[PDB]
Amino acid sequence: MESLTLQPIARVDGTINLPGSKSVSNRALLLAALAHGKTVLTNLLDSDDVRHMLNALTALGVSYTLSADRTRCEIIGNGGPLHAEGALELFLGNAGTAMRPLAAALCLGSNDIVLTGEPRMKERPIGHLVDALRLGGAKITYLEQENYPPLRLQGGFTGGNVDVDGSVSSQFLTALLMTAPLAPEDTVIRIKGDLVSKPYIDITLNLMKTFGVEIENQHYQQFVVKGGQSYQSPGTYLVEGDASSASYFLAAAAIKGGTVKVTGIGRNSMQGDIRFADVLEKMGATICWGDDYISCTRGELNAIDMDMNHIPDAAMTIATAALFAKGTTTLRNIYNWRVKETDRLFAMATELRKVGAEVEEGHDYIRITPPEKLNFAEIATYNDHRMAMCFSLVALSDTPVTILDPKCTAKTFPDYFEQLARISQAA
């Protein structure tokens, strides 16, 4: 078992040029592969989730080149649905942004492809997406547990009236939205009830429009899609810096700054996680917005009680920042933390208690009362990049912290610790 120990950080200050957005990167790669023409993506993220999408495209026969640092990608579009037969197996790690979108896209036309991944991915739900794709004509078989990968996709999605449950993941709707335009018949996607992680649907529609397709959004309750469309290369496309990766650095300044500026995202960004800065401001930090940066300067840090359904990923960063805040913090409406890289409500509560906090693990919320002083702990990371990144913030105190399996940050941010060290100051 590998581990890294972080020494106490006296102050943070500086500038970080963010790695690319995982959410934007994987949508842009799949749409570029489906499109007609050559797309050049710049500021693409090099991380495990993106590498699994790149490997899947390679296996499906898509041609592309990558720059030395893997952040520039020139993709030759396929000019239509991707195909493979012989139950070709695509291994997708634990990347939901590859698994869910490919599960839908590869239902176009005929195919015989198996999608699988790491053990945890075989425990992450996908039944709501499979149910919707089958209503549209797709033939899909669960090869192991019903409602979970691995899946054998045999094609057949033609369109029509499709209901989809949006209560567990917005990714099922995202996957349907990206796929339906290329189906032969028009599709009407009806949301059954609640829709979680709503801002990610806006990212999907933004990327689809960049690739030449628009649909009719009826107040996020129903989406009307015309079939028989084609995606078209946008030419050169700049992937935004990752706003979820930014959260650690902005929070570090709110706790121990100094001023920390992150570049690559700004006031015009499409990612919902830029709203994480609004939470730091509500807690007492100062935020500055630019066209291509967001900065945070230390002010004070008071506890908050907020529904975080709009920023589920960056919300984990508030759970460890809460260790430094005055009062009890409560993060609500975050049930799907349970069905992601690990059950995050259980993991976050367990590790927070190890450093001294009193924590109530609610069914779909977490309440955190900080200790007077933190103690040393060896933090388990649950094969979850964000558990490693969130607990790195414990070192902005008088105590070191040991993080187990630090390389798990590679799911979205391989260079995380070197970047945190870049803004760590001794004086």
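We number the residues from 1 along the sequence you see.
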**Asked** In the PDB record, does 370-378 or 45-53 carry the higher mean Cα temperature factor?
**Response** 370-378
**Prompt:** On average, which has the higher Cα B-factor in the deposited entry, 167-175 or 80-88?
**Reply:** 80-88
**Message:** Among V162, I255, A315, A104, where is the Cα B factor highest in this entry?
**Reply:** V162
**Complete:** Listed options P125, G193, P199, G96: highest C-alpha B factor recorded at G193
**Item:** Ranked against its chain, the third holding the CA B-factor of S63
**Value:** highest
**Item:** For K226, the third of its chain into which the C-alpha B factor falls
**Value:** highest
**Prompt:** Within this chain, which third does the Cα B-factor at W289 fall in: lowest, middle or highest?
**Reply:** highest
**Request:** Divide the modelled residues of the chain into thirds by Cα B-factor and specify which third, lowest, middle or highest, holds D131.
**Result:** middle
**Request:** Determine, from the deposited record, the chain-internal third of the Cα B-factor for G117: lowest, middle or highest.
**Result:** lowest
